[PDB]
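For reference, the structure discussed in these notes is given below.
Read-outs: derived from the displayed coordinates by stated rules, not from any lab. In this analysis, Cβ positions are derived from the backbone assuming ideal geometry, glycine residues included, and neighbour counts consider all displayed protein chains.
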Amino acid sequence: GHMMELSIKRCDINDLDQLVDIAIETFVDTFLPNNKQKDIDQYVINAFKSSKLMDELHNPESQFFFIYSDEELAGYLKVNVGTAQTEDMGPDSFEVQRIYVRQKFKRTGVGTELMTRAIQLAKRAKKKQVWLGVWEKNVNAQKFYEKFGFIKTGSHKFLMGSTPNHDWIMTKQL
């Protein structure tokens, strides 16, 4: 096609099947390098169940976004505010809970566009900081967030099957 620009969309319940599919695909791709598929499966079978993501799609303090590259789905983003945050960071905070780019679109600026939009949304929502959890072994993501001015401010355990994983908490104030 002739569409070089990326386009953003807010997901609705008719995107559920597509959301489930990309959520699983990108999660496995991210964690399979250093986690067993058996452990990834147990995380997926609870977090990305269709009924589970349906309720999250109905949470008005959360929002899912799809990003398209020449009319093909290239990644997705989930943000939380208020009581939808996975940690109680308070009324002035804005969580990026999920931010993923499909493999075939990596290294083409899709992730930077998603995060740039996430920060725009936080500003419009009058929030004072953006925060997120990043696996301590996902050094590429760490460097990605660091170029946006995120800084490690703590940690948080992340259970994947029977294996305890450790997320960094990274924060960008503004």
Q: Would you mind classifying region 93-174 by shape? Square roots of the alpha carbon gyration tensor eigenvalues, ordered a ≥ b ≥ c; an a/c under 1.5 is rounded, otherwise it is prolate if a/b is larger than b/c and oblate if not.
A: oblate
Q) To the nearest 0.05, what FRET efficiency results for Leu32 and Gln120 with a Förster distance of 41 Å applied to their C-beta separation? A) 0.85
Q. Relative contact order for the chain: what is it in percent, counting Cα pairs under 8 Å that are at least 6 residues apart?
A. 19
(Q) Using Cβ contacts closer than 10 Å as the measure, can you line up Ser7, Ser50, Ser93 from fewest to most? (A) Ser50, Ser7, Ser93
Q: Just name one of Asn138, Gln103, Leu32: the one whose Cα is farthest towards the positive end of the charge dipole of the chain (beta-carbon charges, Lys/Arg +1, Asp/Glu -1).
A: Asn138
**Q.** Helix-only CD estimate at 222 nm, as mean residue ellipticity for the chain, using -39500 (n - 2.57) per DSSP H run (n ≥ 4)
**A.** -10500 deg cm²/dmol
Q: Report the local net charge at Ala84: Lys and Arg +1, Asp and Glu -1, summed over other residues whose C-beta lies under 9 Å from its C-beta.
A: -3
Q: Any chance you could run the full-extension gain for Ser155 through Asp17? It's 0.36 nm times the residue separation minus the Cα-Cα distance, nm to one decimal.
A: 46.5 nm
Q) So what J values fall out for region 139-147 if you push phi through Karplus, 6.51 cos²θ - 1.76 cosθ + 1.60 with θ = phi - 60°, rounded to Hz, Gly and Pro as x? A) 5, 4, 4, 3, 5, 4, 5, 4, 5
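Residues with beta-carbon under 11 Å from that of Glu25, excluding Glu25: net charge, scoring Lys, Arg +1 and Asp, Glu -1?
With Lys, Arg at +1 and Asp, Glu at -1, the net is 0.
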